[PDB]
Structure formats: structure tokens, C-alpha cells
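Following: one structure in C-alpha cells, then a few remarks.
We place every Cβ from the backbone using ideal geometry, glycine too, and count neighbours over all the protein chains shown. Quick note: the coordinates plus some simple rules give every number you see, no bench work behind them.
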Amino acid sequence: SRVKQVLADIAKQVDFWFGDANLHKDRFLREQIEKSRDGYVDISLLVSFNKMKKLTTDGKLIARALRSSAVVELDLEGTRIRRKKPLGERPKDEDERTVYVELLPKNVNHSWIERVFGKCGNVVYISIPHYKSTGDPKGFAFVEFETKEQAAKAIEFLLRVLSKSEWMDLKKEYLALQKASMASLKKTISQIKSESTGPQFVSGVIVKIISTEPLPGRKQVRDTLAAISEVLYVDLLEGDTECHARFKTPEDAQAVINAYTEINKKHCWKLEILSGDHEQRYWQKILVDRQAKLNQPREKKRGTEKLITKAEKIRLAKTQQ
Amino acid sequence: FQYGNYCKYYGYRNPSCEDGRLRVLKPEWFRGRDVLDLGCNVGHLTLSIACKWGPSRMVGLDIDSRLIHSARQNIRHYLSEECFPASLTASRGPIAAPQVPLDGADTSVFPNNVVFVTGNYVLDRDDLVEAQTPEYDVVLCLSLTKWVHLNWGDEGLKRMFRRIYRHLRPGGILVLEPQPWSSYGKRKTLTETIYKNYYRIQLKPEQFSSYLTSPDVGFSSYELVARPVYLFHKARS
RNA sequence: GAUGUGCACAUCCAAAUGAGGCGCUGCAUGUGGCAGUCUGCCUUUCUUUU
Ligand SMILES: Nc1ncnc2c1ncn2[C@@H]1O[C@H](CSCC[C@H](N)C(=O)O)[C@@H](O)[C@H]1O
């Protein structure tokens, strides 16, 4: 019967969620067990999980499914379920029993692995890492076999299969070799280098630019304004139609606003010199932006990316020279 | 993606295996010759040329700055051949470090010659094209004409061919393989500018063989030897 | 890469990744950072079969 099969699936999912494996690995449901008196949880909590939704939404049919069951028990009403066998420390032998497998066909399913490995041994727990929540298998899996002999059997039975300890040793060897190569090249770059209150308030340096079209990027505006006078800052929001420029001397701002040929005819811009209250509010905005950028913590950049970018730039420089 | 840049078809394999093209070309022009390569995405062709034919120098050039990073990943993949699980090489990176030359060192050893530069080859102004100087001996421009054509019109396409005329030294040749006219219409609705410049096309892929012979560019003679493969020669000395 | 119509038109899908997690300095800094810190460290990972 199909109802019999649904009762069996509810029994298997509850006996897995209460098996030793998932209780050792998962922390959430173990906190649900631990943060109770007499070690219980309501079945309505178990309904809310994702794989329970595909089977049944009735809790009494779940309680009927847990009548004949190895490790779960019911207390009075068929609304709460307890572990029935007390749990202790994590086993040490599971780290030796664990099996790493590679080259998955990218169709990842828990039943997929259970079919292909269940004949070899009693598969107890599966780990499949999703592509950063994009619902895609990364291409490798961790399958845990029971009693540590069936795992050694399944290694011999087989698409690339190895132990956990061998994987950890290859990981340490890989990481040490990369550290040695980067240390030597770090020394080579060092030897090549060895052988070879903020801005002052000035009145009349604030040019506000208004545009009908959306403005081009800050590199484009900086290349436009720098070719005429000396620019200190380009205040430009991405997507805004207006911007500001702060210059070193007021003569620079005068040379920019009197550059009607190079600016206003090429780009449909209205550039004026702010003064008075607009300039005071803009310099207060400069103070706020400076205090904000100071109060912000420093951005993080990985050391290996910074070192490989420096080496790539020196490679281009020494090839062009 | 607008320019035609594909992050796909990544190659684990070393130069021994290539993506088809290299049985067609003849190695006689490459050896001891400075080479520019336009429209390279991961250099799976660039590395596999530089690996055997031993070109003296080879500068790949591409617009997608995100993708030249993966090309440099592929160049560091060859040095670290000194099995390892793919789950680790995906997350860490390749073992080797980016091979930097000493000041007193021997070039033309694979890979020490090649470098990958990111830039835009269409300068959009004829005055900037006329200022340029010849620097290279063989220029490869294959499977590029369609995307530059639809993105910058006959104006940018004329600018690119006039720039390729300015960067060949005397005796330097050009290799070409253009996309046919029948293809372009399946890509017209990607953006607005592609559609507008597609309905502003006045130049067919056939008259390329006319237009490069025309004095506005200045190539002297040409041939086709077996999409077709065109070889253009600048006039000798 | 696929679908309808009679190679042509029209439509659909393109994303075969790498920079993902977390710091310490000591100088600068609305200047959009610079030089170090064991390749700065770690990656079965920004995972809910909770
Ligand atoms: N304006 C431009 N100048 C130079 N290269 C460009 C360009 N616009 C697009 N390209 C590049 O041209 C490439 C064409 S893909 C062609 C395949 C490549 N030649 C190979 O053999 O593997 C794209 O990757 C794109 O990045």
C-alpha cells in the first residue's frame, strides 16, 4: 500500500533524525532535545522541516508511523516523541570509518548515494556541500559507513574513493607545497625590490556639476577634470545626475568653469562655483565623509591575492621593459 | 554577457591536447616572432601555441578583466605538475607561484615569454590610431569580427583594422577568420546598441577582402588557405 | 543547447565560475590606500536531509 510506504518513510526519516549520526552532527535538533524537561519535542516542530513537507502534514499519522520503531518512543498523546536511548560522547572511530568520494554526476540526492553504496555497506550519514545555496552539488561527497570494516570493503569495491585520513594527509602535503613555493617567490620579490585634521578649508574651490544625462564613472570624470586643472576630490554617486569637485586653488576652479570648450560643449554639463551656505554645507559633508571613512574599520584583503597581484604587475613591468 | 565573453570550456589538460584549431595552422610563421593575440578568453589556444612552436614573445589581449584572471590561473596550472583531489584545488588555487623573471635570465622558455594584458583594442578615434607604432610580427584576429562589429559599427571596425595595420612591422602578416553574415541576426536583441548598430550595418563580411586591400588600410596582398582562413601580407621592407 | 512553422523566420534558455569566511599591525586617509603580519589564518563552509 502507498499509505504503508508513507508510514515507512516517516519512520525512516524520524529514525535518521534520531540516529546517532545526525544527533552528533546537527546542533539545532540536539538543542531542541537539550532545551526541554525529560528530553522532548512536539511533532509540529518536526512537520516544519523541509523533507517532512513532501510526505505528510498530519501529526497523528506520524504518531501512528512511530508505533513500531527501533529507537524513538511516545509518552501519552502521540504529540511528543523522546529519544528512548541516552546519548553520550562522540565516537572516535567514525573519523577512521568516514569515506571521501569524488567525481559525482551532478544530480545530487541523498537517495542517489544510498542506492549506489547501500549494497556495499550500511550507509548511516551523508554530507553533500551545496554551491553557496545555489542548490548545485559541488562535485564531491562524504559517506559514513558503519563498524569501519564495511568502509574498508567499499574502498576496495570501487568514482574516486579514498579514506578520510588519506585525504587529510594529501591536504597537508598540498598546503605545505604551496606554502614553500610562495615563500621562495616571496623572497625573490623581496630581493628584486632590495636590489632595485584633513584638507584645509579654501573658499572658491567647490565646483558643482549638474547634468541631464547620467554621469560617467569616477575615473572618467577624474580624467576629464584633471586634464585642465589640479583635482583634489571628485564626489560622485554611481547613478546620480549631479556631482561635485574640490580643487587645490580657486584659480584651478576658475580655469575649470571658464573651460566652456573642453567641458560644457563636449558633455552637456552645468558647472558652477558654490559659495556661501551651499559651500559651507558641502564642507560639512566633507567633514562627515572624512569622519565616516575614518570611523569605518579597514577593508580586508587576502594576503595571497595581494601577493599574486603584486607579482603579476611586476611580471608585466619587467616584460614591457 | 554582451561582448561574447565565455567563462566556459575550462581546460585542465596541458598543451598536448588542444581545441581543434592547431592542426589547421602552419608553424612556419610563429618561430622567433613577436605575436599579439586578440580575443583570447583563457588562452587555451595561446598556451598551446606557446608550448610547442616556441614563439619569442606572445601577448594575449582581452577586454574581460575578470577572465584574464582565469587565464593566469591556467598559466600557473602548468608549472605545478610536480594525484590531488579536485575539491582542494577548486578552493585553494593551483600550487605554483606566478613565475617572475630574474633581471639576468633567459627568455623563450615555456612559460616565461607569454603575458596576458587586459585592455580595449578599439580606441574609437582615428587620430589615436595614426599615432601608433609597429611592434609585432604576427597578429592573430580570429572569431572576433562579429562581436566588435555589432558592438562598435563599421566605424570601430575600421578603427580596429587601421590599428592592426599600424602595429605590424614591415614583413609582418595578419591571420583572419571572420564570422559569416547569416549568424548575426540571432544575437540582435541582446542590448539596444547591438540592435541599432546591426540595423546600421553597411559592410558585408565579403567586402572585408576588398576593404583591407583598399588604400584606407593599406594591406598589399592576400590569400586564403584551408569558416575560411585569410592571410594578409604587409608590403616587404 | 531546444521548440513551432516553411537551410529561412520567430521564440526560449545562456552564467562549465572564483576570490567565499574571519582577523592583527603601523603609517596614511572625504585622497577612492600603502608596507608588513608563517602563502596572515581557515574552507567538508557564508550549507537546513536543521
Ligand atoms: N574590443 C575587443 N578587443 C579585444 N578583444 C575583445 C574585444 N571585445 C571582445 N573581445 C574578446 O574576444 C573574444 C572572442 S571569443 C573567441 C575565442 C578565442 N579566440 C579562442 O580561440 O579561444 C571574447 O572572449 C572577448 O572577450
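Values as computed for the structure displayed
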read-out	value
Single unsatisfied condition, residue B:61 versus (1) closer than 17 Å to residue B:143 by Cα; (2) in a loop (DSSP other than H, G, I, E, B); (3) hydrophobic (A, V, I, L, M, F, W, C)	(2)
Flag for residue B:93 being of a type outside the set (A, V, I, L, M) and within 16 Å of the ligand (Cβ to nearest atom)	no
Matching entry among B:97, B:86, B:90 (being under 18 Å from residue A:189 (Cα atoms) and not aromatic (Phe, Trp, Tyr))	B:97
Given (1) under 15 Å from the mean Cα position of the chain (by Cα); (2) facing chain A (nearest Cβ under 10 Å), number of the condition residue B:143 does not satisfy	(2)
Checklist (1) buried (at least 20 other Cβ atoms within 10 Å of the Cβ); (2) part of a loop (DSSP other than H, G, I, E, B); (3) in contact with a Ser or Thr (Cβ under 6 Å, 6 or more places away or on another chain) applied to residue B:43, failing item	(3)
Of all residues making up segment A:295-321, the number that are part of a helix (DSSP H, G or I) and more than 7 Å from every other protein chain (Cβ to nearest Cβ)	11
Output for segment A:26-38, where each listed residue is exposed (fewer than 15 other Cβ atoms within 10 Å of the Cβ) and not polar (S, T, N, Q)	A:26, A:27, A:28, A:30, A:31, A:34, A:35, A:37, A:38
Verdict on residue A:165 being within 30 Å of residue A:280 (Cβ to Cβ) and more than 12 Å from every other protein chain (Cβ to nearest Cβ)	no
Odd one out for residue B:65, checked against (1) in contact with a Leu (Cβ under 8 Å, 6 or more places away or on another chain); (2) within 15 Å of the ligand (Cβ to nearest atom)	(1)
Complete set of residues in segment B:146-177 that are more than 10 Å from the ligand (Cβ to nearest atom) and within 13 Å of the chain's Cα centre (by Cα)	B:164, B:174, B:175, B:176
Residue list for segment B:156-172, filter: in a strand (DSSP E or B) and buried (at least 18 other Cβ atoms within 10 Å of the Cβ)	B:168, B:172
Hits in segment B:16-68 (condition: away from chain A (no Cβ under 14 Å), of a type in the set (A, V, I, L, M, F, W, C) and within 16 Å of RNA strand C (Cβ to nearest atom))	B:17, B:40, B:42, B:45, B:47, B:63, B:67
Scan of segment B:73-104 for residues that are part of a helix (DSSP H, G or I) and near RNA strand C (Cβ under 10 Å from one of its atoms), ordered by number	B:73, B:74, B:77, B:87, B:88, B:89, B:90, B:91
Which numbered condition residue B:72 fails, given (1) within 16 Å of the ligand (Cβ to nearest atom); (2) more than 14 Å from every other protein chain (Cβ to nearest Cβ)	(2)
